[PDB]
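Now for the letters of each chain:
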Amino acid sequence: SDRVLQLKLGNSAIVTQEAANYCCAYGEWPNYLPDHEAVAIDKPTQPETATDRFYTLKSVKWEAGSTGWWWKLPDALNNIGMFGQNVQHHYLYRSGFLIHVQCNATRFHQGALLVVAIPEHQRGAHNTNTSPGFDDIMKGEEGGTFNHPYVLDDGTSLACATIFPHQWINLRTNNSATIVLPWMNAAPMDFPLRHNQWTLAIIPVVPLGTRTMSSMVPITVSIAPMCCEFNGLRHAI
Amino acid sequence: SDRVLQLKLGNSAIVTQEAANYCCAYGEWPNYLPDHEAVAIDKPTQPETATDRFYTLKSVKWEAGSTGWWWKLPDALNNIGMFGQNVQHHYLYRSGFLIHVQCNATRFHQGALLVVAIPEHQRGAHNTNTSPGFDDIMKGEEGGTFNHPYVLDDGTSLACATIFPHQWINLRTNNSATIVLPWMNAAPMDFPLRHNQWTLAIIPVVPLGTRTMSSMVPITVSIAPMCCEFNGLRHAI
Amino acid sequence: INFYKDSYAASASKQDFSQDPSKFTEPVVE
Amino acid sequence: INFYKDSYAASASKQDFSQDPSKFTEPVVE
Amino acid sequence: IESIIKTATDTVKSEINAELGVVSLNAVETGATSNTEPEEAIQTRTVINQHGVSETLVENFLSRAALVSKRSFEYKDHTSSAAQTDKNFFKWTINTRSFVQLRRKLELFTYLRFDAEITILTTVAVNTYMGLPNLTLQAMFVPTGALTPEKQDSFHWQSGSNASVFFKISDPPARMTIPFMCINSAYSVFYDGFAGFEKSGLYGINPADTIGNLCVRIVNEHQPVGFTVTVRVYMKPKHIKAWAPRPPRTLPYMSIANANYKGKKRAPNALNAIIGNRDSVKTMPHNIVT
Amino acid sequence: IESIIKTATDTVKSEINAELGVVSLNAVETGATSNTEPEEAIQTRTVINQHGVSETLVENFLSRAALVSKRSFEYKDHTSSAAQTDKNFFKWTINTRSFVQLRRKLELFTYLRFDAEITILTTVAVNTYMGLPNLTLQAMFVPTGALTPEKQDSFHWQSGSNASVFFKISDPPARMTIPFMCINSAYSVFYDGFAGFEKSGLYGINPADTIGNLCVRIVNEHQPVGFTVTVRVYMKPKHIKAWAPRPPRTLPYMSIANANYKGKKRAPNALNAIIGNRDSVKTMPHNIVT
Amino acid sequence: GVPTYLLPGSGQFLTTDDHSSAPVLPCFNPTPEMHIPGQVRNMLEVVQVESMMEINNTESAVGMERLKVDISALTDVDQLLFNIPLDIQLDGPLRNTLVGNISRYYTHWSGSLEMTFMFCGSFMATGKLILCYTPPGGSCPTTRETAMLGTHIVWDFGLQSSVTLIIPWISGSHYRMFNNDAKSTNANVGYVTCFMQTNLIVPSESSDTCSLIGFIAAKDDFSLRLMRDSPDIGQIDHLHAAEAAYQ
Amino acid sequence: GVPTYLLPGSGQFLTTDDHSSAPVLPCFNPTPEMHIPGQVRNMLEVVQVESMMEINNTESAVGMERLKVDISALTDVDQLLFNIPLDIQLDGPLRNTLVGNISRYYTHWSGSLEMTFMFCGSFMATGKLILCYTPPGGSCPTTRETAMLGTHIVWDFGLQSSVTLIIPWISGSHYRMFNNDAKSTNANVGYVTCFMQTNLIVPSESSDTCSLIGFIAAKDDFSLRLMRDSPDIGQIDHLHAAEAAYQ
Amino acid sequence: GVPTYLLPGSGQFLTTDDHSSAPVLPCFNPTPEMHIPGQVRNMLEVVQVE
Amino acid sequence: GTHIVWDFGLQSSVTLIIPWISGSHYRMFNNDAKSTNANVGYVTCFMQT
Ligand SMILES: CC(=O)N[C@@H]1[C@@H](O)[C@H](O[C@@H]2O[C@H](CO[C@]3(C(=O)O)C[C@H](O)[C@@H](NC(C)=O)[C@H]([C@H](O)[C@H](O)CO)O3)[C@H](O)[C@H](O)[C@H]2O)[C@@H](CO)O[C@H]1O
Ligand SMILES: CC(=O)N[C@@H]1[C@@H](O)[C@H](O[C@@H]2O[C@H](CO[C@]3(C(=O)O)C[C@H](O)[C@@H](NC(C)=O)[C@H]([C@H](O)[C@H](O)CO)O3)[C@H](O)[C@H](O)[C@H]2O)[C@@H](CO)O[C@H]1O
């Protein structure tokens, strides 16, 4: 009941069947921006199935000395599909996200994945007073790697990161995490190229371990934007 | 509908037919001074058609290096007709104005006239600390010429002078401006020889230009005082 | 609050939300 | 007590006892 | 049509227009501003706009307490000082034109009717240091043209009928409301004429619009040492009615007696160039580099 | 389900359970916290729990007046002082990040909407002693990026439209409420991005979340002796709405511009050891000796 | 008597406080209110009046020449004529406007702008322009096919001396703010550009160069917050005759 | 006027006072409230979210290794695996938790705690643990038959990745207090111990060492009183760029 | 007690203020008003006499 | 394009619906594989993990 899950958005579908009951972030489902919260007065484009569909990223190799992986949203998707084209042709952006993180292994493998969506993950740099630059933050579809995931690369803590919307991929129990993110910003819409509302963080709290045949175990991230709005149509940036 | 216009006051009439829908200053039509605003207790003379009639001034030559023209009211009319005689024989004065500014040219001429009625146009002098004298301000029927019309000769701006009651004479569109001015003073009546409630300013924002046969293009100002009251009858000053 | 006997003594009157911008934006007759 | 004309001027509002901890403790759907 | 506006207007959703008849194209030459709505220009959404408009109320825009007078004088023995010096007292004809932030705000209008809330801050500095005296000052309101005192211990300071306020430096600042005083229903912020029957009077200055005089002394006899006493007068207009808005002052003010202008030497706010220059009309001044 | 909670919950008595079916064993991997009640884990009694929960209200947890700025400067003649020195005046861009007790409390949340109650304490020390002057200070609120004064007797201190507060050292501390000012519905306590359209802007700093500027001068002319004047600014957030709680800061703060981290050299709060070490996982750190 | 205690903020003079204060003249009867034309109750009434943009803020454009843009016949198609920077809180073609000068008493602003352009050629002058508003993000568009992807109006100035380009309020935030940073995502409004949609086509006896006067107003969805001193006026001295007020 | 007298406490600035104060900006209209997800009205909402205990707070456990307890197959029965000190007001495995960090802004605390342990071996890993809460009084129990006399849960982690050990509020007083004295009868909560109830029994191709992640939350009978500065953050200098706020 | 704050103008003596002040003689009974001819209530009564 | 993501852990089967997405009511054989009236597009399979 909690394991079986079917996720159809647009022309994309995902059947995960070793799932663990999906996370709706703060009990909030994505919606379109209502008229009493709206600011930009032009009629938005809501591309629906052209953008509200699962975008699979490049898989990362879960390895023995791995620290963690992060992707920033919408930045991981700003150059993919018709979502990326609506991002590049519009000033404003608003959507929710359906994040589906996939990692299976054998029944002889051990390993726990904290799959956590962090709102406004302002990254700190280590051992310096200089703030992280544009290239450290805006990695795009490739994402980044955690430097010190124990303090979540911001001087706080991995241990208290369960205050954020999260699931776990414990290789005993499940092979997929599913987080549903709403719009998470102080503003109604946003310029999607200079601001990230959510950071999907995927962290090896318990490392991958087995004594069976060593296979490449990947972690696959599929992200569906949900309820996309785009205001301020112009030329492509 | 907006172009055709017929202006009958007293024995004077004006048919303009390339007009652009007349300006009533601040949405206010001239009236006589009511009893609840009246101050001077003698019965005023209201000469009606003897004064409430169009007074045409001397025309000015719209030329290539022209800066602008101004006339101060009632000072431009204080020596004309029966309006001037009622001004010279009475201490107090109150009227509105119907200003009709006339300038036509060919369909090959270009040029824009900001025709603007400025309330309390306290003129500044340029490049000095000395205030303008009586001879700089009180020009009478001849009027004056703008020195620096870009700052309206008072250190402000031509560009924001559309906050005042104005029309334009764009030689494409129209050949006449029509501004209806009410009484515009902090006091109910006024001594008409030392105070000007309105200044008609006429300014070449776009200069006169053509490549056809060069003719003298004049700007003709016809001003009708409206709802004249005169208190404090005495000898002629 | 005003305990003075003159009405001009009172605090500022920041309550007049009546606007008529059309006397400056549309001072036309037709 | 507030004698200022702006509502932000008032004292702190220590009266909101509404809790929804389940949006952090049970953000699940089933 | 006059209406009560507390928030900015809502945007209604709009659709595709393709109509042969009624018009984004207006008539400038009538002097009217464009009534083109965004619903008629682009295809809009519904926006319920909850943005308040109260901070641009003329009452809020002008009821800021602004510095109108700032006078330092020596508080000392003035047996052997010059006849120009403020000898423990100054007089000040109340104007709104000496300090340019309040001046440009009030000169946004042609006519103003307001009560003048007058706040008086006094600071004292020793001219070695032995401490600051808690001095009593007298500020006496004197009408325009009336008799002002000529020395510190003048018998005009008795204030049989002039309003005087006594206040100490350790106290909060002295605060009085001067009413709307004009013989007219509004002050003339600009006065296009002479306020005298001969042709030698001052242009632009109507003494009806002068509030009056602040005659400010130190009530104390002088100390054995000298002090510099700076009196700052603050005016907050209140119960404000404003009429006939004007173009704002662009050029720097030259004088308080008139609207004379010079401009700055270069753009911005020069005589022939109010806005700072760009290279061409197709040069974008802060173009985003990508 | 959202509900009003004024006291901690009561415990109901419970009995012996021996059931084959419904479960003390939950699902961590869903991201949900354990809903196991003590009634279901042990055999409980009835406790009517009257413990209030009002002190952990976010309004009470954050409406403490906290030191946000502490600036000393010389109050003296500054004819021959360095161009770095505060020459009888300082400006301060209002931040909540310079003092770490308030910073960590506000950084417990992602979004905060609050009005800022600003309290200003001024202390003065003589730089021999002759007494302390009751000085008047001006604190002028200036918006983010706007013009701040450049000297003590600047004409920007006239405050035609800037709010200024004048206050004396002998008075109670100056106190103003700054509203919730942000162009957004909340401040972003953390800002994951750049607030500029080019790629050279600052990371983590949204100027929408900057309250503004406190420009604090001494209004007095300088005395013949010098004084050290320490201005302490206190901010109490009020009418607080807080969104999206975060892990608390564990490592020491390095800067106010960012969330950079170093940790301490050893546990506790080191980069690789937040909690202080014990000898083994089966070593009890404060074991009772009997 | 009444047990009281003084709060923090006792004795302070906040210049924005709102209190009753002592009447200097008791039983003074102010002069009766007379109706005066043109009463302003809210500064947004002024801000909605269209006023001339100084689009030609270039050198050699002297005084009044700065308030018009001369357009000429071109021999290449799709050509850029002028552009306008759009931050009303900054110095530029919008600053000395009624919307610009009142807004620079404020820090925060919301709401749509209207741009009205009056064509001031001859009656015989014909032509089509395209007036494009580009929402912010990248550089200002320099070609016509890039700028018409944004908000635009196409204007035949044959019989029509004027059009309005509504610059709609398209912002992420409820307000845009001044912070002395033109390129800020909280500040930058984007761009207005004008292109030859066809060509300025005049006969031989019309003047071959024609002028455009541009206006800007605010709409009635416009708002201004956070009142500040204006950067448009200033002093570093006392004015002339200000000492005479003390004499 | 009104006869008044000033009380003691007049003119003082208590940082916890609760008064209205003067608006710096009159008629300021704040930005409209928008719904934002995840509003917290009371800090006990945060404190009930389970967060990782750092039970492996030992040397050689570096960073993330501190957030898991490695359990191995043992060849003796009833063996102790780990223990946890229980004072949430102190430094230890509970300090950098959501219940621990918020509680150390407070001095007094009441209410039950829950400990959730997630087993992170392989699917093929089987075994039974006993998680014992011992109420305070004597030393921490070192043998299994001593610790199971207290509150315990017995957990087969065969199909069951998680259990909860409720640490029930068992105190003489309504609250427990921090006073920097761990052994105080007003402070000490007792002990959590874990024992092999059977054995961690894995096949040859599972990893022979398995990890446990421990969580702690507070329950909804939890309360916090007496707000204090946190001992978890501090400074002895000004931070970097804090001087730049004055420039 | 009552939380108060002093306004600007606290402690000032405006000679045209209008306040009650402390009775120097408590329970003093003033002499009964007798009708006297020629009472003036407003100075404009005097000003209208030629 | 149109896709299904399939964990074959407990699930021996999935279905990829190839939906009828054509300009015309029918697709025709004409011995021309690259014809716009004939070509249906592609099915591909990738390692998702
Ligand atoms: C401060 C900053 O980020 N950049 C400065 C540039 O803006 C500056 O370039 C000059 O900027 C000038 C700005 O125009 C105003 C303004 O601040 O809005 C226009 C005001 O009306 C004017 N005020 C008065 C009373 O005249 C004001 C004033 O002149 C300046 O504050 C004086 O410094 O300027 C304007 O556009 C200039 O044309 C432009 O060159 C550069 C200098 O090149 O300095 C940067 O620090
Ligand atoms: C005061 C007392 O009764 N005993 C002291 C011992 O506790 C101390 O042993 C050290 O104690 C440390 C305590 O941990 C904290 C704390 O006070 O809770 C953890 C805080 O997060 C940390 N704060 C910051 C800003 O980093 C705080 C801080 O480091 C200390 O106050 C600095 O002194 O410590 C911790 O567990 C250590 O690992 C432990 O050795 C001994 C010294 O051995 O001194 C006793 O006086």
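Everything that follows concerns the structure shown earlier in this document.
What counts and how
Residues numbered from 1 in each chain as written, not as in the entry; some residues may be left out. Chains lettered and ligands numbered in written order. Part of a larger assembly, values for the part shown. Heavy atoms only, no water. Helix = DSSP H or I, 4+ residues; strand = E, 2+ residues; numbered from the N terminus. Rg over C-alpha atoms; globule rule 2.2 N^0.38 Å. Buried < 20%, exposed > 50% of the residue type's maximum accessible area, 1.4 Å probe, protein only. Areas by Shrake-Rupley, 256 points an atom, 1.4 Å probe, with all protein chains shown as cover. Contact = heavy atoms within 4.5 Å. Buried area = accessible area lost by both parts, 1.4 Å probe. Salt bridge = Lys/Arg side-chain N within 4 Å of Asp/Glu carboxyl O. Polar contact = N/O pair within 3.5 Å; in protein donor to acceptor, adjacent residues only side chain to side chain. Nonpolar A, V, L, I, M, F, W, Y, C, P; charged D, E, K, R; others polar. Pairing = 2+ DSSP bridges. Near = heavy atom within 4 Å. Patch = residues over 30% accessible without salt bridge, like charges linked within 9 Å, V, L, I, M, F, W, Y side chains within 5 Å.

(A) Broad picture of the overall build of chain E. Each helix and strand counted, chain E has three helices and ten strands in total. When its helices and strands are written in sequence order, chain E yields β-α-α-β-β-α-β-β-β-β-β-β-β. At 26 Å, chain E has a C-alpha radius of gyration far larger than the 19 Å of a compact globule built from 290 residues. Structurally, chain E occupies a C-alpha span of about 90 × 50 × 45 Å along its principal axes. By the burial criterion, 63% of the 290 residues in chain E qualify as buried. On chain E, roughly 10,900 Å² of surface is accessible, and the fraction owed to carbon and sulfur atoms is 52%.

(B) Here's a closer look at the interface of chain F and chain H. Of the residues lining the interface, 108 residues belong to chain F; the matching set on chain H comes to 109 residues. The junction of chain F with chain H conceals about 9,000 Å² of combined surface from both sides, 56% of it contributed by carbon and sulfur atoms. With a closest N to O distance of 2.9 Å, H:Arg41 and F:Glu2 form a salt bridge. Linking chain F to chain H there are 57 residue pairs in polar contact. Looking at the side of chain F that touches chain H, the elements with two or more residues in it are helix 1 (38–41), helix 2 (58–62), strand 2 (66–75), strand 3 (89–93), helix 3 (100–106), strand 4 (109–126), strand 7 (174–178) and strand 10 (227–245) of chain F. With eight residues, strand 10 of chain F is the largest single contributor of residues to the side of chain F that touches chain H. For the side of chain F that touches chain H, a count of residues per class yields 51 nonpolar, 34 polar and 23 charged. Judged from the two bridges that link them, strand 10 of chain F and strand 3 (residues 39–40) of chain H form a sheet pairing that is antiparallel. If you follow F:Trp243 over to strand 3 of chain H, its bridge partner there is H:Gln39.

(C) Inspection of the pattern of salt bridges at higher detail. Applying the stated criterion to the full structure yields 43 salt bridges over all chains. In this structure, A:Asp153 and A:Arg123 form a salt bridge, with 2.6 Å as the shortest nitrogen-oxygen distance. Taken together, the positions of A:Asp153 in the loop between strand 9 (144–145) and strand 10 (166–170) and A:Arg123 in the loop between strand 8 (110–119) and helix 2 (134–137) put the pair 30 residues apart, joining distant regions of the chain. Its relative accessible area of 0% is what places A:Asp153 among the buried residues. Residue classification places A:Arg123 among the buried residues on the basis of a relative accessible area of 5%. Note that G:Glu243 is salt-bridged to E:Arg71, the shortest N-O span being 2.7 Å. Taken together, the residues span two chains, with G:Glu243 in the segment after strand 16 (223–227) and E:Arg71 in strand 2 (residues 66–75). Through salt bridges with shared partners, a single network forms among E:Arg104, G:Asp91, G:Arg95, G:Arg104 and G:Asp232.

(D) Representation of the sheet that holds strand 16 of chain G in the model. With antiparallel pairing, three strands are arranged side by side in an open sheet as 13-8-16 (chain G). If you trace the sheet from one side to the other, it starts and ends with strand 13 (176–177) and strand 16 of chain G, each paired once.

(E) Representation of the site of ligand 1 in the model. Neighbouring ligand 1 are 13 residues, the closest being E:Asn269, G:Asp91, G:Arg104, G:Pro231 and G:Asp232. Among the chains of the assembly, those with residues near ligand 1 are chains E and G. E:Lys264 is positioned with one of its side-chain polar atoms (N or O) 3.0 Å from an oxygen atom of ligand 1. Within the backbone of G:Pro231, a nitrogen or oxygen atom sits 2.6 Å from a nitrogen atom of ligand 1. Relative to its unbound accessible area of 860 Å², ligand 1 is 46% covered by the protein chains. When its residues are assigned to classes, the shell around ligand 1 shows four nonpolar, four polar and five charged.

(F) Broad picture of the interface of chain E and chain G. In this assembly, 108 residues from chain E lie in contact with 109 residues from chain G. Together chain E and chain G conceal approximately 9,100 Å² of surface at their shared face, both sides included; 56% is due to carbon and sulfur atoms. For the interface between chain E and chain G, the tally reads five salt bridges. The partner of E:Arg113 in a salt bridge is G:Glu33, and the shortest N-O contact between them spans 3.8 Å. If you list the elements that add at least two residues to the side of chain E that touches chain G, you get helix 1 (38–41), helix 2 (58–62), strand 2, strand 3 (89–93), helix 3 (100–106), strand 4 (109–126), strand 7 (174–178) and strand 10 (227–245) of chain E. Here the residues of the side of chain E that touches chain G sort into 51 nonpolar, 34 polar and 23 charged.

(G) Quick peek at the pairing of strand 2 (residues 12–16) of chain A. Residue and element names in this part refer to chain A. Strand 2 sits mainly inside the fold: four of its five residues count as buried. Two elements, strand 1 (residues 5–9) and strand 2, share five bridges in a ladder whose sense is antiparallel. Note that in strand 2 the partner of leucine 7 across the bridge is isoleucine 14. Remark: two residues form the turn of the hairpin made by strand 1 and strand 2, two consecutive strands paired antiparallel; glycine 10 in that turn has positive phi of roughly 70 degrees.

(H) Spatial organisation of the pairing of strand 9 (residues 128–134) of chain H. Residue and element names in this part refer to chain H. The buried count for strand 9 comes to six of seven residues, which makes it a mostly enclosed element. By the bridge criterion, six bridges tie strand 9 to strand 10 (residues 151–156) in an arrangement that is antiparallel. Considered in strand 10, the bridge of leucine 131 is made with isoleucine 153. Looking at chain direction, strand 9 and strand 13 (residues 191–196) are connected through six bridges and run antiparallel. Paired with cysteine 132 across the strands is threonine 193, a residue of strand 13.

(I) Structural detail: the site of ligand 2. Around ligand 2 sit 13 residues in total, of which F:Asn269, H:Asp91, H:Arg104, H:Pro231 and H:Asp232 are the nearest. Chains contributing residues near ligand 2 are chains F and H. Take F:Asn269: an N or O atom from its side chain is 2.7 Å from an oxygen atom of ligand 2. The contact in question runs from an oxygen atom of ligand 2 to an N or O atom on the side chain of H:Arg95, over 3.3 Å. Protein burial of ligand 2: of its 860 Å² of free accessible surface, 44% is covered by the chains.

(J) Looking closely at the arrangement of the chains. If you take every C-alpha in chain C and every C-alpha in chain F, the smallest gap between them is 16 Å, and the two do not touch. No interface is formed between chain B and chain I, the nearest pair of C-alpha atoms being 18 Å apart.

(K) Looking closely at a nonpolar patch on the surface. Residues C:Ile1, C:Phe3, D:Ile1 and D:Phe3 make up a contiguous nonpolar surface patch of roughly 600 Å² in combined accessible area. Its location among the elements puts D:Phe3 in the segment before strand 1 (18–19). What makes D:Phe3 exposed here is its relative accessible area of 58%.

(L) Here's a closer look at helix 1 (residues 81–89) of chain B. Of all the positions in helix 1 of chain B, only B:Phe83, B:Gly84, B:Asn86, B:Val87 and B:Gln88 are classed as buried. As for helix 1 of chain B, its buried residues are in contact with strand 4 (55–56), strand 7 (90–102) and strand 13 (217–233) of chain B.

(M) Spatial organisation of unusual backbone geometry. Looking along the chain, the bond that leaves A:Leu73 and enters A:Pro74 is cis, with omega of 10 degrees. Within the element layout of this structure, A:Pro74 appears in the loop between strand 6 (69–73) and helix 1 (81–89). Along the chain, F:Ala267 connects to F:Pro268 via a cis peptide bond; the corresponding omega equals 5 degrees. With respect to the secondary-structure elements, F:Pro268 resides in the segment after strand 10. In this structure, E:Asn269 is a non-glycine residue whose phi angle is positive, near 60 degrees. With relative accessibility at 8%, the residue E:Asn269 sits in the buried group. Positive phi is not limited to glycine here, since G:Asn180 has a value of about 70 degrees. Tracing the backbone through its elements, the reader meets G:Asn180 in the loop between strand 13 and strand 14 (191–196).

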